Every structure is written in structure tokens, then in C-alpha cells.
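So this first bit is one chain, no partners, the form deposited in one PDB entry, shown in C-alpha cells.
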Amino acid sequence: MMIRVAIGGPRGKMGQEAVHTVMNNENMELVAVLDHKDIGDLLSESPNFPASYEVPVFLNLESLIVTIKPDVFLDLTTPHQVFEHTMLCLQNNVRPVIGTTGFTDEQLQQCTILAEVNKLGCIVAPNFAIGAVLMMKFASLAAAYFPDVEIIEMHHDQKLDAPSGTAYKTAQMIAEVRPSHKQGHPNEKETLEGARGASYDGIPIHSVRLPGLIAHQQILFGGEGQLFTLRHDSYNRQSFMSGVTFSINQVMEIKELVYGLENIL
């Protein structure tokens, strides 16, 4: 009755928290991890992990899957491998929960068709923090009243992808309600290239990468003589662990790909 869980990227900043979270969830067993550095046969061979953590380490996902057959694979690796990892899972009977960001629209859609076809649950979560999920949800609603919006998204300066998964997802959600259009004066000029940020269906997105930050976003809706702002700030990686636990549990109940936890609160 335990959910048998494998994790990708156990030594990472998210990885190790999720290792501990899964170790201490009483309805979940951590049955394996995937790395890409030889760090021994068992995760207990690493420092940062105690001797009790006799979890087998694999350097090859296909090997992990065939040897261990986990119910769920939680990916917290890098954008470079996210698609390949998810795909391997989805055609070898493993439910992926993907924390990792940096799918393409096309790859996400391909993953969605694979889950559909194999009747297999998958969660792609751009943010595990419940306040972030709430932010996104309210963005959809606010977009109805305020068609002009921008997104500013801020993270630690080791983050590899800009804009962030959350900002992409926010913008998609907004884009469904908001009529497509450009903002700013039609004749504005950027005299320093990049100033006005990225653009998603006309919605500007700006990305901040500084030391000290963890994960933050604000959504600014302009109106008549006023500004409505939605904001979320995660101050540490523990803010994500309830979402991770919720996602492992939730993925078992579905037979298709769910993109974003907003759908299933």
C-alpha cells in the first residue's frame, strides 16, 4: 500500500529535501534514486545522507525502471534531461511527477499525449508551493478585469532557465482569458536591448536572478488610476515539500497528464 518512489537528482537543492520528505512520509517508500555522478551503490554512501538511507543509486533511468519498477518517479534534475526522463517513464509504466522546469510547449504536448495513450498519471508542477498555485489561479480570474498585465519573476542566481516555469504557466493561464495584444506605447523604442523583457502573447515577462533570493513572483495588472498586484514569496525549499507530497499522492489517482496543481486543489 506504500507508494514506491524513485527520485532524480537526490543531491540537488530540491532533491535532498524531497529525499527527506519522502523518507519521513509514512505512506511512501523511497525505493531508488537516479544520479549522473558515481556516488556509490547506496545514497547512505553520500554525506548529507545518513547511514539509514540504504536507497539504491542508479546512473541510468531505464536500468532503474526495469530493476525497481517504481510507482512514481520524482524528477528534480535539469532542463537538459527533463523531456527524456519523463518520456522514459511514460512508456515504461511509471507515473512521473516533474518538478524540473524547462519543457518546450511541443515536448509538454507530446508528454500529454503519451500519458493519455498509456492511461498513466503524470503531474508537471511548475511550482509546488501552495501560495504560488493560488497566485496562478487568481491570475486567471484577475485577467478578466485587467487586460494589461506584466509578470516579474525572481529566483536565486543558480537557476538555469528564464523565464521560470511558473511565469510560463502564469502567462498561459492569463493568455486564455486575456485578448491577445501588445502593451506599451506602439512607438516605444528600446534603446538598451531587452529592457521591455520577454513576451508571451503580448504579456511581458521579466526575470531577476540574484544571490539570496529563493523563488518569487509578482503579477502587476494596470488599470484606471490604479494597480492590482498578486505576489508570492517562497523563503526556503521546505515551502515546496507539502506540494511534493501532495503531488505523489495525487498522481496515483489520475490516468492522464495534469499540468499545474491549480486543477486539483
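Start at 1 with the first residue shown and count on from there. Only residues modelled in both forms are compared. Rigid core: the largest C-alpha set superposing within 1.5 Å between the two forms.
The same protein has a further form, the form deposited in another entry, not shown here; the description that follows concerns it.
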query	finding
Yes/no, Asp161 Cα shift of 2 Å or more between this form and the one not shown with rigid core fixed	yes
Yes/no, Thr78 Cα shift of 2 Å or more between this form and the one not shown with rigid core fixed	no
Rigid-core frame, C-alpha of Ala125, shift of 2 angstroms or more between this form and the one not shown	no
Cα distance between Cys122 and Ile214, which in the other entry differs by 3 Å or more from this form, closer or farther	farther
Relative Cα spacing, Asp161 and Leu76, in the other entry - shift of 3 Å or more	farther
Moved runs of 3+ residues, each with a C-alpha displacement of 2 angstroms or more between this form and the one not shown on the rigid core	36-54, 134-236
